[PDB]
file upload.cif (mmCIF, C-alpha atoms and all ligand atoms)
data_final
#
loop_
_atom_site.label_atom_id
_atom_site.label_comp_id
_atom_site.auth_asym_id
_atom_site.auth_seq_id
_atom_site.Cartn_x
_atom_site.Cartn_y
_atom_site.Cartn_z
CA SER A 1 117.07 103.44 97.53
CA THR A 2 113.33 103.16 96.97
CA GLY A 3 110.30 101.78 98.74
CA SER A 4 106.81 100.77 97.67
CA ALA A 5 103.81 99.76 99.76
CA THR A 6 100.17 99.09 99.04
CA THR A 7 97.62 101.35 100.72
CA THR A 8 94.12 100.00 101.40
CA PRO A 9 90.81 101.73 102.21
CA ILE A 10 89.72 101.05 105.79
CA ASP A 11 86.06 100.56 104.84
CA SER A 12 83.63 100.51 101.95
CA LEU A 13 83.47 104.33 101.73
CA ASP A 14 87.22 105.00 101.47
CA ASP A 15 87.02 106.95 104.73
CA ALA A 16 90.79 106.59 105.09
CA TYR A 17 93.66 104.48 103.79
CA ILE A 18 96.04 102.29 105.80
CA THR A 19 99.54 101.21 104.84
CA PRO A 20 101.58 98.52 106.65
CA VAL A 21 104.70 99.79 108.40
CA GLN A 22 107.39 97.69 110.09
CA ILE A 23 108.70 99.06 113.40
CA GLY A 24 111.43 97.63 115.60
CA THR A 25 113.43 94.44 115.85
CA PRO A 26 111.96 91.89 115.34
CA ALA A 27 109.52 93.76 113.14
CA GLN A 28 106.19 94.85 114.58
CA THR A 29 103.81 95.60 111.71
CA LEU A 30 101.26 98.35 112.30
CA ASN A 31 98.78 99.72 109.78
CA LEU A 32 99.31 103.48 109.66
CA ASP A 33 97.41 106.32 108.03
CA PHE A 34 99.92 108.14 105.82
CA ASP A 35 99.08 111.80 106.41
CA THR A 36 100.53 114.54 104.21
CA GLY A 37 98.71 117.03 106.48
CA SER A 38 100.83 116.39 109.59
CA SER A 39 104.40 115.56 110.56
CA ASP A 40 104.30 113.12 113.49
CA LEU A 41 104.70 109.35 113.24
CA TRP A 42 102.63 108.16 116.19
CA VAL A 43 101.35 104.72 117.15
CA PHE A 44 99.08 102.98 119.57
CA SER A 45 101.40 101.30 122.04
CA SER A 46 101.88 99.29 125.21
CA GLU A 47 101.74 102.66 127.04
CA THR A 48 98.33 103.70 125.70
CA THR A 49 95.68 103.98 128.42
CA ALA A 50 94.12 100.54 128.31
CA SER A 51 90.55 101.83 128.06
CA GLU A 52 91.50 103.87 124.99
CA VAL A 53 92.64 100.79 123.01
CA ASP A 54 89.85 98.89 121.22
CA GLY A 55 91.21 96.48 118.63
CA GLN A 56 94.26 98.38 117.39
CA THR A 57 97.62 96.70 117.00
CA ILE A 58 100.09 98.17 119.49
CA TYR A 59 103.78 98.88 119.32
CA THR A 60 105.62 97.48 122.35
CA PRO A 61 109.05 99.15 122.48
CA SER A 62 110.22 96.92 125.33
CA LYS A 63 110.08 94.00 122.85
CA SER A 64 112.24 95.82 120.27
CA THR A 65 115.98 95.35 120.67
CA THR A 66 116.60 98.51 118.62
CA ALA A 67 114.15 100.78 120.48
CA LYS A 68 115.64 103.51 122.68
CA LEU A 69 113.63 105.89 124.81
CA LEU A 70 114.27 109.47 123.69
CA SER A 71 114.91 110.95 127.10
CA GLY A 72 112.61 113.79 128.08
CA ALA A 73 110.86 113.91 124.70
CA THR A 74 107.08 114.13 124.60
CA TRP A 75 104.56 114.95 121.93
CA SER A 76 101.01 116.26 121.76
CA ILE A 77 98.98 116.89 118.62
CA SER A 78 95.56 118.55 118.21
CA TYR A 79 94.13 118.07 114.74
CA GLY A 80 91.78 120.72 113.41
CA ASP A 81 88.72 118.42 113.62
CA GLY A 82 89.02 118.15 117.40
CA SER A 83 90.81 114.81 117.62
CA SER A 84 94.10 114.47 119.47
CA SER A 85 96.78 112.19 120.88
CA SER A 86 99.92 112.55 122.99
CA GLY A 87 102.68 110.53 124.61
CA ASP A 88 106.39 109.71 124.79
CA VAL A 89 109.02 109.01 122.13
CA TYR A 90 111.34 106.19 121.10
CA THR A 91 113.84 106.00 118.30
CA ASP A 92 113.66 102.74 116.39
CA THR A 93 114.02 101.19 112.97
CA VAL A 94 111.08 101.89 110.65
CA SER A 95 110.57 100.35 107.20
CA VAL A 96 107.97 100.98 104.50
CA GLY A 97 108.36 98.21 101.96
CA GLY A 98 112.01 97.85 101.22
CA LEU A 99 112.81 101.33 102.56
CA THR A 100 114.45 101.53 105.99
CA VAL A 101 115.19 104.44 108.34
CA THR A 102 117.20 103.69 111.46
CA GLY A 103 116.78 106.05 114.40
CA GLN A 104 113.31 107.21 113.33
CA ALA A 105 111.30 108.99 116.00
CA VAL A 106 108.34 106.75 116.85
CA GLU A 107 105.85 108.69 118.95
CA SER A 108 104.19 106.26 121.36
CA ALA A 109 100.68 107.24 122.48
CA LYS A 110 99.84 107.44 126.15
CA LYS A 111 96.50 109.10 125.35
CA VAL A 112 94.25 109.22 122.28
CA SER A 113 90.89 110.89 121.80
CA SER A 114 87.69 108.94 121.40
CA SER A 115 87.63 109.04 117.58
CA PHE A 116 90.95 107.19 117.38
CA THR A 117 89.83 104.61 119.95
CA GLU A 118 86.62 104.04 117.98
CA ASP A 119 88.51 103.31 114.74
CA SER A 120 90.00 99.85 115.22
CA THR A 121 91.53 99.84 111.70
CA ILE A 122 94.05 102.68 112.21
CA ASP A 123 97.06 101.86 114.41
CA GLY A 124 98.53 105.37 114.14
CA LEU A 125 99.52 108.05 111.65
CA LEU A 126 102.69 108.50 109.59
CA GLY A 127 103.13 112.21 108.93
CA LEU A 128 104.46 113.35 105.55
CA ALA A 129 104.11 117.14 105.81
CA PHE A 130 107.20 119.20 106.55
CA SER A 131 109.17 118.51 109.69
CA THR A 132 108.68 122.11 110.93
CA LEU A 133 105.21 120.93 112.08
CA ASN A 134 106.53 118.04 114.18
CA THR A 135 105.26 118.35 117.75
CA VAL A 136 108.03 116.58 119.68
CA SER A 137 109.31 118.74 122.53
CA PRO A 138 111.83 119.96 123.60
CA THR A 139 113.68 118.62 120.54
CA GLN A 140 111.69 118.54 117.30
CA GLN A 141 112.03 115.36 115.23
CA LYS A 142 112.09 114.65 111.49
CA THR A 143 109.50 112.81 109.42
CA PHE A 144 110.15 109.42 107.88
CA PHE A 145 110.41 111.00 104.42
CA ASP A 146 112.77 113.72 105.70
CA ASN A 147 115.05 111.09 107.23
CA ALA A 148 114.95 108.90 104.11
CA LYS A 149 115.24 111.64 101.50
CA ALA A 150 119.01 111.83 101.11
CA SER A 151 119.19 108.06 100.50
CA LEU A 152 116.38 107.96 97.93
CA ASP A 153 117.12 107.71 94.22
CA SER A 154 115.02 110.88 93.82
CA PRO A 155 113.74 113.03 96.73
CA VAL A 156 110.07 112.30 96.12
CA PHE A 157 107.16 110.20 97.22
CA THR A 158 103.96 109.53 95.32
CA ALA A 159 100.38 108.89 96.38
CA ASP A 160 98.19 106.72 94.13
CA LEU A 161 95.01 106.18 96.12
CA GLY A 162 92.36 103.83 94.83
CA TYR A 163 88.60 104.27 94.57
CA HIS A 164 87.03 101.35 96.45
CA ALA A 165 90.31 99.50 95.80
CA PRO A 166 93.93 99.39 96.95
CA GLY A 167 96.56 101.81 95.75
CA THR A 168 100.23 102.60 96.22
CA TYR A 169 102.65 104.84 98.06
CA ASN A 170 106.09 104.94 96.40
CA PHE A 171 109.24 106.50 97.82
CA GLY A 172 112.19 107.57 95.75
CA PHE A 173 110.85 107.04 92.23
CA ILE A 174 108.03 107.90 89.85
CA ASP A 175 106.26 104.92 88.29
CA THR A 176 105.68 106.16 84.74
CA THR A 177 103.18 103.33 84.11
CA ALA A 178 100.86 104.53 86.87
CA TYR A 179 99.29 107.55 85.12
CA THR A 180 98.07 108.77 81.76
CA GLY A 181 99.34 111.83 79.93
CA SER A 182 101.99 113.86 81.73
CA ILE A 183 102.54 115.10 85.27
CA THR A 184 101.91 118.83 85.68
CA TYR A 185 103.92 120.38 88.50
CA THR A 186 102.78 123.36 90.53
CA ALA A 187 104.39 125.59 93.13
CA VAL A 188 104.28 124.83 96.85
CA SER A 189 104.46 127.17 99.81
CA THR A 190 106.03 125.50 102.84
CA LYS A 191 105.70 128.47 105.20
CA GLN A 192 102.87 126.92 107.25
CA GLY A 193 104.47 123.47 107.12
CA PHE A 194 101.95 122.01 104.62
CA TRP A 195 101.96 120.99 100.98
CA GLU A 196 100.15 124.23 100.17
CA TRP A 197 99.43 125.02 96.52
CA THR A 198 96.98 126.96 94.33
CA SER A 199 94.48 125.29 92.04
CA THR A 200 93.66 127.24 88.91
CA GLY A 201 89.89 126.65 88.91
CA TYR A 202 87.07 124.18 88.66
CA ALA A 203 84.19 122.80 86.63
CA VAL A 204 81.00 120.98 87.62
CA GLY A 205 80.10 118.06 85.39
CA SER A 206 80.23 119.11 81.74
CA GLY A 207 79.99 122.78 82.69
CA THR A 208 82.27 125.60 81.73
CA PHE A 209 85.60 125.72 83.55
CA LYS A 210 85.87 128.67 85.94
CA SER A 211 89.37 130.13 86.16
CA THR A 212 89.88 131.17 89.77
CA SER A 213 92.72 130.75 92.25
CA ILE A 214 91.96 128.30 95.06
CA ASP A 215 94.72 128.05 97.68
CA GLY A 216 94.70 124.85 99.68
CA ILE A 217 96.64 121.88 101.02
CA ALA A 218 97.15 118.39 99.62
CA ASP A 219 96.16 116.25 102.61
CA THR A 220 96.03 112.45 102.27
CA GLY A 221 94.86 112.28 105.89
CA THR A 222 91.56 114.10 105.23
CA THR A 223 88.70 112.16 103.67
CA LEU A 224 86.79 114.84 101.80
CA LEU A 225 87.32 117.81 99.48
CA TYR A 226 86.81 121.12 101.32
CA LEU A 227 86.44 124.17 99.09
CA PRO A 228 85.04 127.72 99.26
CA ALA A 229 81.32 127.97 99.84
CA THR A 230 80.70 129.52 96.40
CA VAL A 231 82.32 126.54 94.67
CA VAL A 232 80.54 123.99 96.84
CA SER A 233 77.16 125.65 96.25
CA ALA A 234 77.75 125.59 92.50
CA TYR A 235 78.42 121.85 92.69
CA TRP A 236 75.46 120.79 94.81
CA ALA A 237 73.06 123.07 92.91
CA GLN A 238 73.38 120.53 90.08
CA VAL A 239 72.03 117.71 92.28
CA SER A 240 68.27 117.56 92.70
CA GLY A 241 67.34 117.68 96.36
CA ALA A 242 70.81 118.43 97.70
CA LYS A 243 70.90 120.88 100.60
CA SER A 244 73.23 122.02 103.34
CA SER A 245 72.08 120.63 106.69
CA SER A 246 73.18 122.40 109.88
CA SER A 247 72.17 119.41 112.01
CA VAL A 248 74.07 116.87 109.92
CA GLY A 249 77.04 119.18 109.38
CA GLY A 250 77.21 119.79 105.64
CA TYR A 251 75.68 119.06 102.27
CA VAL A 252 73.45 116.00 102.04
CA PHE A 253 71.81 114.62 98.92
CA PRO A 254 69.31 111.90 97.98
CA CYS A 255 71.03 108.53 97.96
CA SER A 256 69.13 107.81 94.70
CA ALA A 257 71.12 110.57 92.91
CA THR A 258 73.79 110.00 90.29
CA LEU A 259 76.32 112.73 90.99
CA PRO A 260 78.12 114.92 88.46
CA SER A 261 81.89 114.90 88.22
CA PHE A 262 84.02 117.72 89.62
CA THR A 263 87.11 119.04 87.82
CA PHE A 264 89.93 120.98 89.44
CA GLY A 265 92.76 122.79 87.71
CA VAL A 266 96.49 122.20 88.10
CA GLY A 267 98.12 124.88 85.99
CA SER A 268 96.68 124.35 82.54
CA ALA A 269 95.94 120.70 83.33
CA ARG A 270 92.68 119.29 84.64
CA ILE A 271 91.89 116.50 87.11
CA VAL A 272 88.39 114.99 86.84
CA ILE A 273 86.84 113.52 89.99
CA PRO A 274 84.11 111.08 88.87
CA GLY A 275 80.75 111.71 90.48
CA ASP A 276 80.69 108.37 92.28
CA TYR A 277 83.78 109.43 94.25
CA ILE A 278 81.68 112.16 95.88
CA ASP A 279 79.09 109.77 97.42
CA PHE A 280 79.82 108.95 101.09
CA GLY A 281 76.67 107.01 101.74
CA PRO A 282 73.79 107.28 104.18
CA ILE A 283 74.11 109.92 106.89
CA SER A 284 72.92 107.30 109.42
CA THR A 285 72.33 103.58 108.99
CA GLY A 286 69.25 102.94 106.85
CA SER A 287 68.76 106.58 105.84
CA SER A 288 67.96 107.53 102.26
CA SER A 289 69.89 110.79 102.72
CA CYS A 290 73.57 110.60 101.79
CA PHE A 291 76.59 112.65 102.82
CA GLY A 292 78.44 114.63 100.16
CA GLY A 293 82.14 114.30 99.52
CA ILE A 294 82.55 117.98 98.60
CA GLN A 295 81.97 120.29 101.56
CA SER A 296 82.54 123.92 102.49
CA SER A 297 85.86 124.95 103.98
CA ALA A 298 84.30 128.05 105.52
CA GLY A 299 84.65 126.80 109.11
CA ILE A 300 88.19 125.42 108.62
CA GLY A 301 90.33 128.39 107.59
CA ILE A 302 91.93 126.66 104.60
CA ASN A 303 90.80 124.63 101.60
CA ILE A 304 91.71 120.94 101.81
CA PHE A 305 92.30 118.71 98.80
CA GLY A 306 91.70 115.50 100.70
CA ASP A 307 91.31 111.96 99.49
CA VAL A 308 88.22 112.67 97.34
CA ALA A 309 90.41 114.87 95.12
CA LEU A 310 93.75 113.12 95.50
CA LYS A 311 92.41 109.64 94.65
CA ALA A 312 91.43 110.94 91.19
CA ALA A 313 95.11 111.65 90.46
CA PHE A 314 98.62 110.31 90.60
CA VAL A 315 100.23 112.81 92.98
CA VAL A 316 103.94 113.58 93.26
CA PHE A 317 105.15 115.09 96.53
CA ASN A 318 108.49 116.48 95.32
CA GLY A 319 110.88 117.18 98.20
CA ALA A 320 113.63 118.72 96.12
CA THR A 321 115.40 121.82 97.46
CA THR A 322 112.38 123.82 96.32
CA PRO A 323 109.40 121.49 96.89
CA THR A 324 106.67 121.20 94.28
CA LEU A 325 103.52 119.13 93.75
CA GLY A 326 102.76 117.12 90.62
CA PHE A 327 99.39 115.84 89.42
CA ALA A 328 98.58 113.43 86.60
CA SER A 329 95.35 111.82 85.50
CA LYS A 330 95.15 108.05 85.76
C1 LIG A 401 87.17 121.89 111.40
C2 LIG A 401 88.12 120.96 110.67
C3 LIG A 401 87.67 119.77 110.13
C4 LIG A 401 88.52 118.91 109.44
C5 LIG A 401 87.97 117.62 108.87
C6 LIG A 401 89.87 119.26 109.30
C7 LIG A 401 90.82 118.32 108.59
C8 LIG A 401 91.33 117.33 109.62
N1 LIG A 401 92.20 116.32 109.06
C9 LIG A 401 93.45 116.14 109.51
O1 LIG A 401 93.97 116.87 110.35
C10 LIG A 401 94.22 114.97 108.91
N2 LIG A 401 95.42 115.55 108.25
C11 LIG A 401 94.65 114.02 110.03
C12 LIG A 401 93.52 113.49 110.87
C13 LIG A 401 92.75 114.19 111.76
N3 LIG A 401 91.82 113.37 112.34
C14 LIG A 401 91.99 112.10 111.85
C15 LIG A 401 91.29 110.93 112.15
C16 LIG A 401 91.69 109.78 111.50
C17 LIG A 401 92.74 109.79 110.58
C18 LIG A 401 93.42 110.95 110.28
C19 LIG A 401 93.05 112.13 110.92
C20 LIG A 401 90.35 120.45 109.85
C21 LIG A 401 91.80 120.87 109.73
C22 LIG A 401 89.46 121.29 110.53
#

call {"tool": "encode", "arguments": {"input": "upload.cif", "output": "structure tokens", "more": "lines below"}}
Ligand SMILES: Cc1cc(C)c(CCNC(=O)[C@@H](N)Cc2c[nH]c3ccccc23)c(C)c1
result
Amino acid sequence: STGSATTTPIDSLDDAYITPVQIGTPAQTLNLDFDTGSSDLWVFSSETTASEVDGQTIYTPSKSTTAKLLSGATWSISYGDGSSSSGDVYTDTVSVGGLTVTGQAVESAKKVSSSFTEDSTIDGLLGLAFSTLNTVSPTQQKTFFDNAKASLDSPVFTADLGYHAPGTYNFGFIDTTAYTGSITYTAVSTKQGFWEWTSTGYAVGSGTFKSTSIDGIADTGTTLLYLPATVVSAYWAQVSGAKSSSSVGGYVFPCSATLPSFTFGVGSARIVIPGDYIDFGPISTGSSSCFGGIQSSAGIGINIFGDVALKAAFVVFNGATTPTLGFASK
């Protein structure tokens, strides 16, 4: 089998991407944030504290003839940025395009933190990291991809995120028309539960490529590109007036700037992030200071190749017996 669904930026800055997902019988369609940095499929629901719902579409398991409460199962997730959610668990039928998993764990939120409430465009997250990170207790549950993998024509999914435009998540096949050149594959460590890999270096604009190992995760659920402070300083030094602001929380730059590109290495291959991808707009409404899309990882503990980097590439998440990551230009 295969599946294919269009993923759409939630706003004019590409702050996140939402993909329609069918849950239950009859189908309830929710717009989920496909997150290769976590492993829980959780949704706003009829159980969610009413004051914590503000425009999201909810899953109502009592209206699904295939939903079954997973007795005694609860979940609770604390993302590294300080957001969180928790609740109870149903098994139900979940489809992404033409791809269907019966008996998928659907984690129904009873509580969400304020940032999720305040984002009316995201109805939940669909985790695509490794199932060892799943938070359901006392019986850990599998991700949608893990459940689907044996049925897929090939045990893969691909992320093709657009810049200010829709893109595509494919399951079970590689669309050879969706990229230029070839796909370069690179090793993955699964020990921490992430799609953890090592970039071979970077360049700023037309500058000389620096060969240096940069360990990090491929995380479709993170907006920005978070890299070591040395790398980030080298980038913003090329932008007149850019500076790291403690009050704002990272590098800011004049909104009148035209930004240089940023290149990262995948083996001997190179992915070029165009400069415009690194502009995340005014720091506050009406400001002439803009927030940078490349930021220091120093306070995080790991480098994060988030959407800023991933949207410049066609990315293969290869779930073969030994997982690997593939990147192509597009
Ligand atoms: C200090 C610090 C700061 C950041 C930015 C991060 C990355 C957080 N990014 C995720 O954890 C996403 N994989 C998932 C995610 C978290 N919050 C969301 C809100 C909306 C949509 C998706 C999500 C970490 C690990 C640590």

call {"tool": "closest_residue", "arguments": {"input": "upload.cif", "among": "A:198, A:293, A:205, A:110", "to": "ligand LIG 401 (chain A)", "atoms": "all atoms listed in the file"}}
result
A:293

call {"tool": "closest_residue", "arguments": {"input": "upload.cif", "among": "A:74, A:65, A:84, A:186", "to": "ligand LIG 401 (chain A)", "atoms": "only C-alpha atoms and all ligand atoms"}}
result
A:84

call {"tool": "atom_distance", "arguments": {"input": "upload.cif", "atom1": "atom CA of residue A:59", "atom2": "atom CA of residue A:173"}}
result
29.2 Å

call {"tool": "residues_near_point", "arguments": {"input": "upload.cif", "point": "(86.1, 114.3, 97.9)", "cutoff": "6 Å", "atoms": "only C-alpha atoms", "output": "VMD selection string"}}
result
chain A and resid 224 to 225 278 293 to 294 307 to 309

call {"tool": "residues_around", "arguments": {"input": "upload.cif", "residues": "residue A:269", "least_positions_apart": "5", "cutoff": "9 Å", "atoms": "only C-alpha atoms", "output": "list in words"}}
result
residues 183, 184, 200, 264, 327 and 328 of chain A

call {"tool": "write_last_selection", "arguments": {"input": "upload.cif", "atoms": "C-alpha atoms", "output": "CSV table (one decimal), in the coordinates of the input"}}
result
chain,number,residue,atom,x,y,z
A,183,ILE,CA,102.5,115.1,85.3
A,184,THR,CA,101.9,118.8,85.7
A,200,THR,CA,93.7,127.2,88.9
A,264,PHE,CA,89.9,121.0,89.4
A,327,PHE,CA,99.4,115.8,89.4
A,328,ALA,CA,98.6,113.4,86.6

call {"tool": "residues_around", "arguments": {"input": "upload.cif", "residues": "residue A:157", "least_positions_apart": "4", "cutoff": "6 Å", "atoms": "only C-alpha atoms", "output": "PyMOL selection string"}}
result
chain A and resi 170-172+317

call {"tool": "residues_around", "arguments": {"input": "upload.cif", "residues": "residue A:125", "least_positions_apart": "5", "cutoff": "12 Å", "atoms": "all atoms listed in the file", "output": "ChimeraX atom specification"}}
result
/A:16-21,30-44,77,79,84-85,106-109,112,116,143-144,220-222

call {"tool": "write_last_selection", "arguments": {"input": "upload.cif", "atoms": "C-alpha atoms", "output": "mmCIF file, in the coordinates of the input"}}
result
data_model
loop_
_atom_site.group_PDB
_atom_site.id
_atom_site.type_symbol
_atom_site.label_atom_id
_atom_site.label_comp_id
_atom_site.auth_asym_id
_atom_site.auth_seq_id
_atom_site.Cartn_x
_atom_site.Cartn_y
_atom_site.Cartn_z
ATOM 1 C CA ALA A 16 90.790 106.590 105.090
ATOM 2 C CA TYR A 17 93.660 104.480 103.790
ATOM 3 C CA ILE A 18 96.040 102.290 105.800
ATOM 4 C CA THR A 19 99.540 101.210 104.840
ATOM 5 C CA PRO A 20 101.580 98.520 106.650
ATOM 6 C CA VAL A 21 104.700 99.790 108.400
ATOM 7 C CA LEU A 30 101.260 98.350 112.300
ATOM 8 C CA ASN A 31 98.780 99.720 109.780
ATOM 9 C CA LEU A 32 99.310 103.480 109.660
ATOM 10 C CA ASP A 33 97.410 106.320 108.030
ATOM 11 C CA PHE A 34 99.920 108.140 105.820
ATOM 12 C CA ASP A 35 99.080 111.800 106.410
ATOM 13 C CA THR A 36 100.530 114.540 104.210
ATOM 14 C CA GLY A 37 98.710 117.030 106.480
ATOM 15 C CA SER A 38 100.830 116.390 109.590
ATOM 16 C CA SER A 39 104.400 115.560 110.560
ATOM 17 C CA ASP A 40 104.300 113.120 113.490
ATOM 18 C CA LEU A 41 104.700 109.350 113.240
ATOM 19 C CA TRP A 42 102.630 108.160 116.190
ATOM 20 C CA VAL A 43 101.350 104.720 117.150
ATOM 21 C CA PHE A 44 99.080 102.980 119.570
ATOM 22 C CA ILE A 77 98.980 116.890 118.620
ATOM 23 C CA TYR A 79 94.130 118.070 114.740
ATOM 24 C CA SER A 84 94.100 114.470 119.470
ATOM 25 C CA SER A 85 96.780 112.190 120.880
ATOM 26 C CA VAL A 106 108.340 106.750 116.850
ATOM 27 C CA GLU A 107 105.850 108.690 118.950
ATOM 28 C CA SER A 108 104.190 106.260 121.360
ATOM 29 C CA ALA A 109 100.680 107.240 122.480
ATOM 30 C CA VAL A 112 94.250 109.220 122.280
ATOM 31 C CA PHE A 116 90.950 107.190 117.380
ATOM 32 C CA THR A 143 109.500 112.810 109.420
ATOM 33 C CA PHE A 144 110.150 109.420 107.880
ATOM 34 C CA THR A 220 96.030 112.450 102.270
ATOM 35 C CA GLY A 221 94.860 112.280 105.890
ATOM 36 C CA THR A 222 91.560 114.100 105.230
#

call {"tool": "residues_around", "arguments": {"input": "upload.cif", "residues": "residue A:236", "least_positions_apart": "6", "cutoff": "9 Å", "atoms": "all atoms listed in the file", "output": "ChimeraX atom specification"}}
result
/A:242-244,251-253,259,292,294

call {"tool": "closest_residue", "arguments": {"input": "upload.cif", "among": "A:160, A:54, A:47, A:119", "to": "ligand LIG 401 (chain A)", "atoms": "all atoms listed in the file"}}
result
A:119

call {"tool": "residues_near_point", "arguments": {"input": "upload.cif", "point": "(101.3, 125.1, 96.0)", "cutoff": "9 Å", "atoms": "only C-alpha atoms", "output": "short mmCIF file (atom, residue, chain, number, x, y, z; two decimals) with C-alpha atoms, keeping the file's coordinate frame"}}
result
data_model
loop_
_atom_site.label_atom_id
_atom_site.label_comp_id
_atom_site.auth_asym_id
_atom_site.auth_seq_id
_atom_site.Cartn_x
_atom_site.Cartn_y
_atom_site.Cartn_z
CA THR A 186 102.78 123.36 90.53
CA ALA A 187 104.39 125.59 93.13
CA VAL A 188 104.28 124.83 96.85
CA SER A 189 104.46 127.17 99.81
CA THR A 190 106.03 125.50 102.84
CA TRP A 195 101.96 120.99 100.98
CA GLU A 196 100.15 124.23 100.17
CA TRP A 197 99.43 125.02 96.52
CA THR A 198 96.98 126.96 94.33
CA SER A 199 94.48 125.29 92.04
CA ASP A 215 94.72 128.05 97.68
CA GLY A 216 94.70 124.85 99.68
CA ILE A 217 96.64 121.88 101.02
CA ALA A 218 97.15 118.39 99.62
CA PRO A 323 109.40 121.49 96.89
CA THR A 324 106.67 121.20 94.28
CA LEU A 325 103.52 119.13 93.75
#

call {"tool": "axis_aligned_box", "arguments": {"input": "upload.cif", "around": "stretch 220-239 of chain A", "padding_each_side": "4 Å", "output": "lines of an AutoDock Vina configuration file"}}
result
center_x = 84.0
center_y = 120.8
center_z = 98.0
size_x = 32.0
size_y = 25.4
size_z = 23.8

call {"tool": "closest_residue", "arguments": {"input": "upload.cif", "among": "A:46, A:272, A:286, A:226", "to": "ligand LIG 401 (chain A)", "atoms": "only C-alpha atoms and all ligand atoms"}}
result
A:226

call {"tool": "atom_distance", "arguments": {"input": "upload.cif", "atom1": "atom CA of residue A:281", "atom2": "atom CA of residue A:13"}}
result
7.3 Å

call {"tool": "closest_residue", "arguments": {"input": "upload.cif", "among": "A:133, A:156, A:94, A:27", "to": "ligand LIG 401 (chain A)", "atoms": "all atoms listed in the file"}}
result
A:133

call {"tool": "atom_distance", "arguments": {"input": "upload.cif", "atom1": "atom CA of residue A:92", "atom2": "atom CA of residue A:8"}}
result
24.8 Å

call {"tool": "closest_residue", "arguments": {"input": "upload.cif", "among": "A:194, A:163, A:179, A:185", "to": "ligand LIG 401 (chain A)", "atoms": "only C-alpha atoms and all ligand atoms"}}
result
A:194

call {"tool": "residues_around", "arguments": {"input": "upload.cif", "residues": "residue A:1", "least_positions_apart": "2", "cutoff": "9 Å", "atoms": "all atoms listed in the file", "output": "NGL selection string"}}
result
:A and (3 or 98-99 or 148 or 151-154 or 171-173)

call {"tool": "write_last_selection", "arguments": {"input": "upload.cif", "atoms": "C-alpha atoms", "output": "mmCIF file, keeping the file's coordinate frame"}}
result
data_model
loop_
_atom_site.group_PDB
_atom_site.id
_atom_site.type_symbol
_atom_site.label_atom_id
_atom_site.label_comp_id
_atom_site.auth_asym_id
_atom_site.auth_seq_id
_atom_site.Cartn_x
_atom_site.Cartn_y
_atom_site.Cartn_z
ATOM 1 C CA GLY A 3 110.300 101.780 98.740
ATOM 2 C CA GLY A 98 112.010 97.850 101.220
ATOM 3 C CA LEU A 99 112.810 101.330 102.560
ATOM 4 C CA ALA A 148 114.950 108.900 104.110
ATOM 5 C CA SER A 151 119.190 108.060 100.500
ATOM 6 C CA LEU A 152 116.380 107.960 97.930
ATOM 7 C CA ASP A 153 117.120 107.710 94.220
ATOM 8 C CA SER A 154 115.020 110.880 93.820
ATOM 9 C CA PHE A 171 109.240 106.500 97.820
ATOM 10 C CA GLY A 172 112.190 107.570 95.750
ATOM 11 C CA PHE A 173 110.850 107.040 92.230
#

call {"tool": "build_atoms", "arguments": {"input": "upload.cif", "residues": "stretch 263-273 of chain A", "atoms": "N, CA and C atoms", "output": "PDB file, keeping the file's coordinate frame"}}
result
ATOM      1  N   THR A 263      85.790 118.869  88.416  1.00  0.00           N
ATOM      2  CA  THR A 263      87.110 119.040  87.820  1.00  0.00           C
ATOM      3  C   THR A 263      87.840 120.141  88.561  1.00  0.00           C
ATOM      4  N   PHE A 264      89.111 119.911  88.905  1.00  0.00           N
ATOM      5  CA  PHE A 264      89.930 120.980  89.440  1.00  0.00           C
ATOM      6  C   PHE A 264      91.168 121.182  88.571  1.00  0.00           C
ATOM      7  N   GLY A 265      91.640 122.424  88.547  1.00  0.00           N
ATOM      8  CA  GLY A 265      92.760 122.790  87.710  1.00  0.00           C
ATOM      9  C   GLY A 265      94.103 122.696  88.420  1.00  0.00           C
ATOM     10  N   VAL A 266      95.091 122.205  87.684  1.00  0.00           N
ATOM     11  CA  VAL A 266      96.490 122.200  88.100  1.00  0.00           C
ATOM     12  C   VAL A 266      97.250 122.863  86.956  1.00  0.00           C
ATOM     13  N   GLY A 267      97.640 124.120  87.137  1.00  0.00           N
ATOM     14  CA  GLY A 267      98.120 124.880  85.990  1.00  0.00           C
ATOM     15  C   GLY A 267      97.103 124.806  84.879  1.00  0.00           C
ATOM     16  N   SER A 268      97.566 124.481  83.676  1.00  0.00           N
ATOM     17  CA  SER A 268      96.680 124.350  82.540  1.00  0.00           C
ATOM     18  C   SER A 268      96.043 122.967  82.449  1.00  0.00           C
ATOM     19  N   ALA A 269      96.434 122.054  83.334  1.00  0.00           N
ATOM     20  CA  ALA A 269      95.940 120.700  83.330  1.00  0.00           C
ATOM     21  C   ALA A 269      94.658 120.602  84.162  1.00  0.00           C
ATOM     22  N   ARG A 270      93.969 119.481  84.003  1.00  0.00           N
ATOM     23  CA  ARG A 270      92.680 119.290  84.640  1.00  0.00           C
ATOM     24  C   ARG A 270      92.605 117.890  85.217  1.00  0.00           C
ATOM     25  N   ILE A 271      92.157 117.782  86.462  1.00  0.00           N
ATOM     26  CA  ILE A 271      91.890 116.500  87.110  1.00  0.00           C
ATOM     27  C   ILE A 271      90.384 116.355  87.283  1.00  0.00           C
ATOM     28  N   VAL A 272      89.827 115.246  86.790  1.00  0.00           N
ATOM     29  CA  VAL A 272      88.390 114.990  86.840  1.00  0.00           C
ATOM     30  C   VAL A 272      88.096 113.973  87.930  1.00  0.00           C
ATOM     31  N   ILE A 273      87.330 114.402  88.928  1.00  0.00           N
ATOM     32  CA  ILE A 273      86.840 113.520  89.990  1.00  0.00           C
ATOM     33  C   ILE A 273      85.507 112.940  89.528  1.00  0.00           C
TER      34      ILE A 273
END
